[PDB]
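**Q** What follows is a structure written as structure tokens; I'll ask about it next.
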Amino acid sequence: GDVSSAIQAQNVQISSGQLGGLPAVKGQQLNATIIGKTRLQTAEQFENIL
Amino acid sequence: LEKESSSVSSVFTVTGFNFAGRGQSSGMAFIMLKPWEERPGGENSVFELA
């Protein structure tokens with residue numbers, strides 16, 4: 001169970017909002033989605049989730 | 001709307017959801033026009049008006 005709660009912890013794509021969303025401050029001129037980290041893939045990455 | 005009020009009538013505008021995509025870098029407009037009589041041949045056709 002420490003592993004399950006853990007596995008869940010260190011393997012969940014986080015939404016990560018926007019860099020210029022709405023509403024915005026006067027100007028900005030630049031809006032761009034912010035892409036966070038992705039879920040685990042390799043057997044190694046899993047052997048790592050302390 | 002002002003440089004062309006012989007053919008064009010209303011001009012509902014929109015920013016955000018054109019016909020292509022979304023993102024803040026999108027917008028379009030619904031170019032309503034005046035009846036067929038109110039537009040003399042040629043430069044009043046949508047083919048020409050556009």
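How things are named: the first chain in the structure tokens is A, the next is B, and so on; residues count from 1 in each chain; ligands count from 1 in the order shown.
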Env of range 39-41 of chain A: 12 Å cut, atoms = only C-alpha atoms, seq-sep filter 3 positions within chain, self excluded. Answer as an NGL selection string.

**A** :A and (7-15 or 36 or 44-49)

**Q** Tell me as a PyMOL selection string which residues belonging to chain B come within 10 Å of chain A, counting only C-alpha atoms.

**A** chain B and resi 23-25

**Q** Check chain A with DSSP on the backbone and list each residue it calls alpha helix (DSSP H), as a ChimeraX atom specification.

**A** /A:2-9,43-46

**Q** Do you know which residues are at most 12 Å from range 36-43 of chain B counting only C-alpha atoms, after dropping those on the same chain fewer than 3 positions away, and could you put them as a list in words?

**A**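 Residues meeting the cut-off are residues 4, 5, 6, 7, 8, 9, 33, 46, 47, 48, 49 and 50 of chain B.
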
**Q** For the residues selected in the previous step, produce a file with N, CA, C and O atoms as a PDB file, in the first residue's frame.

**A**
ATOM      1  N   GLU B   4     -17.352  50.444 -47.215  1.00  0.00           N
ATOM      2  CA  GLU B   4     -18.076  49.452 -47.999  1.00  0.00           C
ATOM      3  C   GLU B   4     -19.476  49.191 -47.425  1.00  0.00           C
ATOM      4  O   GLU B   4     -19.750  48.099 -46.950  1.00  0.00           O
ATOM      5  N   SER B   5     -20.353  50.193 -47.462  1.00  0.00           N
ATOM      6  CA  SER B   5     -21.706  50.078 -46.888  1.00  0.00           C
ATOM      7  C   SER B   5     -22.785  50.030 -47.968  1.00  0.00           C
ATOM      8  O   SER B   5     -23.950  50.333 -47.716  1.00  0.00           O
ATOM      9  N   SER B   6     -22.389  49.671 -49.181  1.00  0.00           N
ATOM     10  CA  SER B   6     -23.325  49.548 -50.289  1.00  0.00           C
ATOM     11  C   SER B   6     -23.877  48.136 -50.301  1.00  0.00           C
ATOM     12  O   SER B   6     -25.073  47.922 -50.489  1.00  0.00           O
ATOM     13  N   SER B   7     -22.978  47.182 -50.077  1.00  0.00           N
ATOM     14  CA  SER B   7     -23.311  45.768 -50.051  1.00  0.00           C
ATOM     15  C   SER B   7     -23.425  45.272 -48.613  1.00  0.00           C
ATOM     16  O   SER B   7     -24.476  44.784 -48.202  1.00  0.00           O
ATOM     17  N   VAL B   8     -22.341  45.430 -47.855  1.00  0.00           N
ATOM     18  CA  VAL B   8     -22.286  45.009 -46.465  1.00  0.00           C
ATOM     19  C   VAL B   8     -23.312  45.740 -45.615  1.00  0.00           C
ATOM     20  O   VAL B   8     -23.671  46.887 -45.882  1.00  0.00           O
ATOM     21  N   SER B   9     -23.818  45.032 -44.613  1.00  0.00           N
ATOM     22  CA  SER B   9     -24.785  45.580 -43.682  1.00  0.00           C
ATOM     23  C   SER B   9     -24.187  45.445 -42.291  1.00  0.00           C
ATOM     24  O   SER B   9     -23.182  46.092 -41.983  1.00  0.00           O
ATOM     25  N   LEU B  33     -25.234  40.932 -45.219  1.00  0.00           N
ATOM     26  CA  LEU B  33     -25.377  41.921 -46.278  1.00  0.00           C
ATOM     27  C   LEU B  33     -26.811  42.375 -46.456  1.00  0.00           C
ATOM     28  O   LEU B  33     -27.738  41.909 -45.786  1.00  0.00           O
ATOM     29  N   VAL B  46     -20.885  39.250 -53.830  1.00  0.00           N
ATOM     30  CA  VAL B  46     -19.942  38.838 -52.786  1.00  0.00           C
ATOM     31  C   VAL B  46     -18.611  38.479 -53.425  1.00  0.00           C
ATOM     32  O   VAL B  46     -17.555  38.627 -52.811  1.00  0.00           O
ATOM     33  N   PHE B  47     -18.658  37.983 -54.652  1.00  0.00           N
ATOM     34  CA  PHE B  47     -17.431  37.624 -55.352  1.00  0.00           C
ATOM     35  C   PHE B  47     -16.546  38.850 -55.551  1.00  0.00           C
ATOM     36  O   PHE B  47     -15.313  38.758 -55.507  1.00  0.00           O
ATOM     37  N   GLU B  48     -17.189  39.993 -55.783  1.00  0.00           N
ATOM     38  CA  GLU B  48     -16.479  41.249 -55.978  1.00  0.00           C
ATOM     39  C   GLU B  48     -16.314  41.981 -54.641  1.00  0.00           C
ATOM     40  O   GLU B  48     -15.208  42.370 -54.274  1.00  0.00           O
ATOM     41  N   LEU B  49     -17.412  42.127 -53.904  1.00  0.00           N
ATOM     42  CA  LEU B  49     -17.396  42.727 -52.561  1.00  0.00           C
ATOM     43  C   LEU B  49     -16.322  42.129 -51.655  1.00  0.00           C
ATOM     44  O   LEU B  49     -16.014  42.680 -50.609  1.00  0.00           O
ATOM     45  N   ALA B  50     -15.798  40.973 -52.029  1.00  0.00           N
ATOM     46  CA  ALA B  50     -14.781  40.305 -51.248  1.00  0.00           C
ATOM     47  C   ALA B  50     -13.502  40.173 -52.051  1.00  0.00           C
ATOM     48  O   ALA B  50     -12.481  39.688 -51.545  1.00  0.00           O
TER      49      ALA B  50
END

**Q** Any idea what the distance is between CA of residue 17 in chain B and CA of residue 30 in chain B?

**A**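 Atom-to-atom, CA of residue 17 in chain B to CA of residue 30 in chain B, that is 12.0 Å.
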